[PDB]
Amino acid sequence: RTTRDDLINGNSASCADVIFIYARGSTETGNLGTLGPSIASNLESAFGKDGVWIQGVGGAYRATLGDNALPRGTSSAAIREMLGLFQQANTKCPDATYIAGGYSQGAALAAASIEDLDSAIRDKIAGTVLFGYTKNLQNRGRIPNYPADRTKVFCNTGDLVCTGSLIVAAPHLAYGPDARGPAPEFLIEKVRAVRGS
């Protein structure tokens, strides 16, 4: 449901082929929040339960609303937590293909983490999806040091956070349809592009 720690719980002897690391939005529950579960279910349908590990960013990432105002759109502690998860993935399952995603503050967190990640690990992330990307205008719709072709941003018309503000309006809470269809569609496509099938 809202909490998945497949990577942390997973046995290195039987690594999944795909590992998905996702950061929730501000004030959301568990480590997956409102959008994570929908994406997870669809990934599982495509690769099978044993074929994909779903891992939300918990630990030090409290998803505190106020942290949206910090320089990188989230806290240093949160970035350290997500970086640690990518490092864990690389250590536990070096041959798996990684994919990532984030919503709202989680999107800024995903972007910041990926930007700071060691290139060798970053290059293993086949695709990343960002919903209500708080640094969309500032970063020109990109994740620093990460290819545009592997990035997909979902920014609704009227969602003020995509336009340089921190105001939360109704369109910011309307990403349900995207998480149910195009987002997992994109991730699946990007994984198959490099892994074949």
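Position 1 is the first residue in the sequence shown; the rest follow in order.
- The deposited model assigns a higher average Cα B-factor to 10-18 than to the other stretch when 178-186 and 10-18 are compared.
- For the pair 50-58 and 127-135, the mean B factor over Cα atoms is greater in 50-58.
- Of the candidates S26, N156, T34, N145, the one whose C-alpha carries the top B factor in the deposited record is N145.
- If you compare the C-alpha temperature factors of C93, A100, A78, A108 in the entry, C93 comes out highest.
- Per-chain ranking of the deposited C-alpha B factor places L117 in the highest third.
- Among all modelled residues in this chain, the alpha-carbon of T151 has a temperature factor (C-alpha) in the lowest third.
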